[PDB]
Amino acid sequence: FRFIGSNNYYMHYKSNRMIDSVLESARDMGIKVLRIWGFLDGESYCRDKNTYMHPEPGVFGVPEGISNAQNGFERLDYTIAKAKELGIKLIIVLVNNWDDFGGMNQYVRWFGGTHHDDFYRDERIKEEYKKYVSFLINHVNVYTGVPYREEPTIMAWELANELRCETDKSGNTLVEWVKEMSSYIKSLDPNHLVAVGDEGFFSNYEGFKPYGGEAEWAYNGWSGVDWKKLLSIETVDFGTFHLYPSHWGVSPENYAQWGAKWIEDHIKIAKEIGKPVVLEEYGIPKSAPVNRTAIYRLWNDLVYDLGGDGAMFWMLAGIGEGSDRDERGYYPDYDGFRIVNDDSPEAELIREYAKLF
């Protein structure tokens, strides 16, 4: 099951019309897998979307006392049921490294800490993450009647989007946390693949240096991530990496080739270990002084031709509504990465390329 996929982050809080437009766009473009967020942590983040999943510790769904709020589990349930109708598979990510939608820092603030990385160490935070994950995995979808645990539309659970632990550059904190939480999920759900959801960073491996010497921090363990050691965890089923040269200190004239070497290096390590690997986020800003479409083509070709299992662009959007609607009727391109099902060269590439699958 090699595939083309994409990402969309708003499937747990937008309307049926918006959700349907992303999923029908995926199906019409030949996108078989969609990576989505399964989290909305913290009162202020839930208030800002009027949608609740984890507003406080031990509170799941809409808290008592709010009328006119949405329940993010009901939105997620709709997305899963609609994806099942359309034959789309979902990878569902369980927490963010980043503050959007609350993230690890929201957990740390609930429990009185002052450092992001306390999320991996504090046993009270670990308890709350496990409690949320068990709640979500065992949730009965109100549209299908089927618990998420038993739902084949869900392809994989992912521990944490873009996991980093800069305060432990030895790598051991995140190896211990990923062992603990991956084994924990397998004890709740023996049916589903489990992956990490991180960006892929290496930790000073002989023979592995950045193209052109740029973004050395992505190769020298700066983020606390030892990708090869994470991949070797028995309860992690496949490797994940992401690719954003424009965020990482790569020069534009090197975006193509730095991403090519990044992809080649991840495939080579995955093949040694003998586990699948997915390039699960990649993007170039629309305004970068490069040919985005030709570089997407090159990166997809390298994943496929070297034996990777999937390539998933960041990100697919559909029609917009309300304040989230541009002059063309689409959810706006707020980060310069949006692709919609239109006549752009990128959308054309994805539709034609998906026919090779």
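Note that residue numbering begins at 1 and tracks the sequence as displayed.
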| query | finding |
| --- | --- |
| Higher-B stretch (mean Cα B-factor, as the entry records it), 170-178 or 203-211 | 203-211 |
| Average Cα temperature factor in the PDB entry - higher stretch of 42-50, 60-68 | 60-68 |
| Options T79, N96, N191, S223 - largest CA temperature factor per the record | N191 |
| Third assignment of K268 from its chain's C-alpha B-factors | highest |
| Chain-wide C-alpha B factor ranking for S232, given as lowest, middle or highest third | highest |
| Third of the chain, ranked by Cα B-factor, where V278 sits | lowest |
| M312 - Cα temperature factor, lowest/middle/highest third of chain | lowest |
| CA B-factor ranking of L23, expressed as a third of its chain | middle |
